[PDB]
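Structure assessment
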Amino acid sequence: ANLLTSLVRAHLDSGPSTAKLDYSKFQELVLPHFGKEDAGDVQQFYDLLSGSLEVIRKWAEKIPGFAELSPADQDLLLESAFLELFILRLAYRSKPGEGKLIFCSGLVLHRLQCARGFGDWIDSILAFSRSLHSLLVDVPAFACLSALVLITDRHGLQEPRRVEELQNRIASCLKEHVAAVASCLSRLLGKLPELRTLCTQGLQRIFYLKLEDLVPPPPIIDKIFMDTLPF
Amino acid sequence: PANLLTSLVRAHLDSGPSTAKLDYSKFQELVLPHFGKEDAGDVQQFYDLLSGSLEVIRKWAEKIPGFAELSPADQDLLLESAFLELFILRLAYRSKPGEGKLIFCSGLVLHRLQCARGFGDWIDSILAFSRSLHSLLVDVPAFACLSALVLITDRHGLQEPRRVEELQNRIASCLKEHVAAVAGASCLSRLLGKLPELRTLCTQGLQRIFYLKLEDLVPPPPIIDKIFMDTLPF
Ligand SMILES: CCCCCCCC(=O)c1c(O)cc(O)cc1CC(=O)OCC
């Protein structure tokens, strides 16, 4: 009902439409990947993880009843879920037939201009990408899935039962939508385990980039990292 | 007889395995590990192959002249700062890359595939490094000196750093005295040409332990955890 529509509203307002792209730096050619990753790839990596914070935030608040959660609760769910959301929305938004990563701002890059920036991670992104595109998830269901991933418990919640009351309401609307158009639905959900795997890949890379320390993370990345660390 | 080298190599051999007293009671040159994942046994066994890597490097570091006579806060710092860089090196030389056998300080022998689940892709790099090592065929005395200079070096925090700098020089004199009694400089330069391939195994090592601290099947022993914690510049 209104939930299905209020989620597709917030969703399409967080990504670029078919019309609103910008190829203003796209070259399907990359000159010799000299040595390995230089500071140019590291700071680009940080500026493209920076270019999804504001987007995933407004996308979160324009979802029914997200703002009605405590100031501290909204912060932790968003911090702990950022990486996965960033990934999810990027993979589904991309093109793995030609190798095109399309970002939530509207800019498009070829996988080779990312390779030095992101590391092995990106392939597991493409591998999950087509695996999503083979499922051909429809926009309303994807607007719901994006929410479902964010609307999930992070250790420390003040009102975990209230977060739980919203998820089963969102998950029921996907089950009801997929039934309005159950093994398909389980094949839908079964991607989040591969997602919670790809996140760890993301952290595996950032550990070695703060280590390497060509360029240091933006401060708020520094935060999310430290705060999502179990140690 | 160059008695620093005579009194030094003693510590080395007495900290390494002697052919006859290796351990074959666990070796399987073949094993089918479900690649991609690894259970607590592989991890706690990996952890108990590194907890003991510190006590052996411990019972190899006491026998370093002027090291037991360093402020206990200093001795702990160099052992922790070099532990991982030391572990990879000693493993590579006594290992057998052309057989498929990692021979540890405690005389234990395993097959690459038995480490596959426990260790992961990292260990392949180790083997790849042993190969690069053995092709140079570095002799026993010169190696005994190198592992020390990886330990006896300027780290961040030293209380009495000028002392550590005098011991560094004291180790180099006995190596330079030995490099002249062999050719009676060159090999030293060829060797350093793969020290980046050593600092690489360090970084990969940290990342491996990072991933299993993420995984937290078994919690790391606090001693290694501490080495980890303070080896981070953040
Ligand atoms: C699973 C244990 C490691 C096996 C080797 C895979 C290559 C690697 O070193 C690595 C990583 O471990 C995590 C990452 O996010 C990215 C990379 C690749 C890398 O550094 O870019 C090129 C040098």
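The residue numbering used throughout counts from 1 along each chain in the order its sequence is written. It may not match the entry numbering, and residues with no coordinates are not shown. Naming scheme: in the order in which they are written, chains are lettered from A and ligands are numbered from 1. Hydrogens and water are ignored here; the side-chain numbers use all heavy atoms of the structure. Residues with missing side-chain atoms are left out of burial classes, side-chain pairs and their counts.

Header annotation of the entry names X-ray crystallography as the structure determination method and lists the resolution as 4.4500 Å.

Per the PDB entry, the recorded name for chain B is Nuclear receptor subfamily 4 group A member 1, and the organism is Homo sapiens. As recorded in the PDB, the entry bears the title "Crystal Structure Analysis of the Csn-B-bounded NUR77 Ligand binding Domain".

Labelled according to the PDB entry, chain A appears under the name Nuclear receptor subfamily 4 group A member 1, originating from Homo sapiens.

We call a residue near a molecule or strand whenever a single non-hydrogen atom of that residue lies within 4 Å of it. In the vicinity of the ligand, the contacting residues are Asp120, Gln204, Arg205 and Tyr208 of chain A together with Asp121 of chain B. Mapping the residues near the ligand onto chains gives chains A and B. Distance and chemistry together define a polar contact, namely a pair of N or O atoms within 3.5 Å, with one atom able to donate a hydrogen and the other to accept it when in protein, and with adjacent residues in sequence counting only for side-chain atoms on both sides. Measuring from an oxygen atom of the ligand, one finds a side-chain N or O atom of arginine 205 of chain A at 3.4 Å. Residues are grouped as follows: nonpolar covers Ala, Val, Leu, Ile, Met, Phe, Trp, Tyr, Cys and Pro; charged covers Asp, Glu, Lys and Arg; every other residue, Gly included, is treated as polar. In terms of residue class, the shell around the ligand is built from one nonpolar, one polar and three charged.

What follows is about the interface of chain A and chain B. Contacts are assigned to residue pairs that have any heavy atoms within 4.5 Å of one another. Taken together, the contact pairs eleven residues of chain A with eleven residues of chain B. Of the roughly 1,200 Å² buried between chain A and chain B, counting both surfaces, carbon and sulfur atoms make up 89%. Note: buried area is the sum, over both parts, of the accessible area (probe 1.4 Å) each one loses when the two are combined. In terms of surface lost to chain B, no three residues of chain A exceed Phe207, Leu211 and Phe231 of chain A, which account for 53% of the buried area on that side. Applying the counting rule to chain A against chain B returns zero residue pairs in polar contact. In this text, helices come from DSSP runs of H or I with a minimum length of four residues, and strands from runs of E with a minimum of two, each type numbered from the N-terminal end. Contributing elements (two or more residues each) for the side of chain A that touches chain B: helix 10 (192-212) and helix 11 (219-228) of chain A. Here the side of chain A that touches chain B is composed, by residue class, of eight nonpolar, two polar and one charged.

A few words now on the packing of aromatic side chains. Each aromatic pair joins two rings of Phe, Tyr and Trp (for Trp, the six-membered one) with centres within 6.5 Å, and gets the label stacked for planes under 30 degrees apart, edge-to-face for over 60, and tilted for any other angle. Counted by the stated rule, this structure contains 15 aromatic pairs over all chains. Ring geometry for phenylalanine 45 of chain A against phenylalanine 118 of chain A: centres 4.8 Å apart, planes inclined by 80 degrees, an arrangement best described as edge-to-face. Of this pair, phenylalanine 45 of chain A sits in helix 2 (residues 39-50) while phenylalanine 118 of chain A sits in helix 5 (residues 111-118), and the two are 73 residues apart along the sequence. Neither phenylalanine 45 of chain A nor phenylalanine 118 of chain A differs from the other in exposure class; each is buried. Residues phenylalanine 104 of chain B and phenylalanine 119 of chain B carry aromatic rings whose centres are separated by 6.2 Å and whose planes lie at 70 degrees to one another, so their mutual orientation is edge-to-face. With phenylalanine 104 of chain B in the loop between strand 1 (101-103) and strand 2 (109-111) and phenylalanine 119 of chain B in helix 5 (residues 112-119), this pair connects stretches of sequence that are 15 residues apart. Note on exposure labels: buried denotes an accessible area under 20% of the residue type's maximum, exposed denotes more than 50%, and partly exposed covers the range between, all computed with a 1.4 Å probe on protein chains only. With a relative accessible area of 5%, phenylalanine 104 of chain B lands in the buried category. The exposure class of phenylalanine 119 of chain B is buried, given its relative accessible area of 1%. Each residue in the set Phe46, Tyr47, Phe87, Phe104 and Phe119 of chain B is aromatic and connected to the rest through ring pairs, giving one cluster. Should the NZ of a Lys or the CZ of an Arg lie within 6 Å of a ring centre and within 35 degrees of the ring normal, that charge is described as sitting over the ring. Lying over the aromatic face of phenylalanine 234 of chain B, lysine 210 of chain A brings its terminal NZ or CZ to 4.9 Å of the ring centre. Cation over ring: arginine 90 of chain B sits above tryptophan 60 of chain B, and NZ or CZ is 5.5 Å from the ring centre.

Moving on, we get to helix 2 (residues 40-48) of chain B. Residues and elements named next belong to chain B. Within the span of helix 2, buried status applies to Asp42, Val43, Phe46 and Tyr47. Seen along its axis, helix 2 keeps its buried residues to an arc of 130 degrees; they face one direction. In this structure, the buried side of helix 2 is in contact with helix 3 (51-61), helix 5, helix 6 (122-134) and helix 10 (196-215). Working definition: the arc comes from the directions between the helix axis and the C-beta atoms, pointing outward to the latter.

Next up on the list: the nonpolar core. Burial of nonpolar side chains together is a common tendency in soluble globular proteins. For our purposes a nonpolar core is just a set of buried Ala, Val, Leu, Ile, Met, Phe, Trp, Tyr and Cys residues, chained together by side-chain atoms within 4.5 Å. The biggest cluster of nonpolar side chains holds 141 residues, and the ones touching the most others in it are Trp59, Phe82, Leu150 and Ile170 of chain A together with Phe67 and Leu151 of chain B. In this view, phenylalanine 82 of chain A contacts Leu49, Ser52, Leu53, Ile56, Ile221 and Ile224 of chain A; residues no more than four positions away in its chain are not counted.

The next thing to look at is the packing of helix 3 (residues 53-61) of chain A against helix 4 (residues 71-93) of chain A. Residue and element names in this part refer to chain A. Contact pair helix 3 / helix 4: the axes reach a minimum separation of 10 Å and the direction vectors enclose 115 degrees. In this view, helix 3 runs roughly perpendicular relative to helix 4, as classed from their interaxial angle. For the pair helix 3 and helix 4, the sense of crossing is right-handed. Each of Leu53, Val55, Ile56, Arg57, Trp59, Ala60 and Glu61 in helix 3 lies in contact with helix 4, whose residues at this interface are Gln74, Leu78, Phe82, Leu85, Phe86 and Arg89. Residue classes in the contact of helix 3 with helix 4 are distributed as nine nonpolar, one polar and three charged. Axis angles are defined between N-to-C directions and span 0 to 180 degrees, where every axis is a line fitted to C-alpha atoms and, for a helix, only to the segment in contact. Each angle gets one of four labels, with under 35 degrees taken as roughly parallel, over 145 as roughly antiparallel, 65 to 115 as roughly perpendicular, and the rest as oblique. Throughout, a crossing is termed right-handed when the near helix is turned clockwise from the far one, and left-handed when it is turned anticlockwise from it by less than a right angle.

A separate point is the side chain of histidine 110 of chain A. Residues and elements named next belong to chain A. For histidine 110, the position within the fold is in strand 2 (residues 108-110). Here the side chain of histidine 110 touches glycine 99 through a polar contact of 3.1 Å, landing on its backbone oxygen. If we skip the residues at most four places from it in the chain, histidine 110 touches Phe26, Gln27, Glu28, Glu98 and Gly99.

Residues and elements named next belong to chain A. What a helix should span is 1.5 Å times the count of its residues minus one. For helix 8 (residues 160-180), built from 21 residues, the straight-helix expectation of 30 Å at 1.5 Å per residue is met to within 8% by its first-to-last C-alpha distance of 29 Å. Considered for burial, the residues of helix 8 that qualify are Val163, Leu166, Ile170, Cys173, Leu174 and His177. Within helix 8, the buried residues cover an arc of 100 degrees as seen down the axis, which keeps them to one side. Residues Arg161, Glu164, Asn168, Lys175, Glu176 and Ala179 are exposed on helix 8 and point more than 90 degrees away from its buried face.

The next subject is the environment of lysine 26 of chain B. Residue and element names in this part refer to chain B. Looking at the secondary structure, you find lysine 26 in the loop between helix 1 (3-13) and helix 2. In this structure, the C-alpha to C-alpha distance between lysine 26 and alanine 144, residues 118 residues apart in sequence, is 29 Å. Apart from the residues lying within four places of it in its own chain, the contact partners of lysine 26 are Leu108 and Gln114.

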